[PDB]
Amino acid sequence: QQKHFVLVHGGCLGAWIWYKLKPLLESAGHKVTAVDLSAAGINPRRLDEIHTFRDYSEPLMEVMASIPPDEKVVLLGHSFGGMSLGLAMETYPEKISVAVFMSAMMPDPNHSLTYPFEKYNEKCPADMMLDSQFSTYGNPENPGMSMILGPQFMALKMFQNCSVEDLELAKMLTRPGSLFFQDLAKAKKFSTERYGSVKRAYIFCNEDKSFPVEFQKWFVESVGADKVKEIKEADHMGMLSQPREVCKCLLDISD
């Protein structure tokens, strides 16, 4: 039976990361929507006009709003894409057969939206992002924070198991992004009733140097998932370093 995978990229990246995974899932007979979130990929918005996490996630929500009455989707969220999964799961829990997180913080409906970030930024050193750079933007009375990935950070910490071509593509395509911390600090947390009704799966990427496996495991341990798979030699960009494995894990989880 044909599944519809909605793939959601992490911060500063775009739908294009899925360019290897998407045709694989399609050759398996499945439908795939790879979404650019707002001001990501070639989405035509600018980051300095995106101030809320809901606005950032809107292209995903639009895909969710368009799932027909008798269909569901399988979501796959990479990295920060996992937060947009949570929003999709809180909003349209009945529309999702399983929400798959990969190298992603899985929201915990027991805690605030910022909790996984508060956690990340307690367990991880302050210089972890190397040559990446941050700057504020938006309302001076309540500024957003944007970031740009450094090419050493990308090379060493995100794409180190990927081809040079994929890293090249990332250097050519990465755009400023934001984690919307201060907007997330004022959201409405997800609920166990809604977000928590949705089957969760985790795909571990064991060589992820950006979101290390021990931290992936901590999210799975503390939050829980119904299915877990591991890709031993996936880096942070498992859909580019190990697209076939991601495709097998996904079909496994979904079928």
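Numbers for residues come from their place in the sequence shown, where the first is 1.
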query: Mean Cα B-factor comparison, 72 to 80 or 119 to 127, giving the higher one as deposited; finding: 119 to 127
query: 107 to 115 set against 128 to 136, stretch whose average Cα temperature factor tops the other in the entry; finding: 107 to 115
query: Chain-relative CA temperature factor third for residue 88; finding: middle
query: Residue 212 - Cα temperature factor, lowest/middle/highest third of chain; finding: highest
query: Position of residue 150 among the chain's modelled residues by C-alpha B-factor, lowest, middle or highest third; finding: middle
query: Residue 244 - which third its CA temperature factor falls in, relative to the rest of the chain; finding: lowest
query: Residue 184 - Cα temperature factor, lowest/middle/highest third of chain; finding: lowest
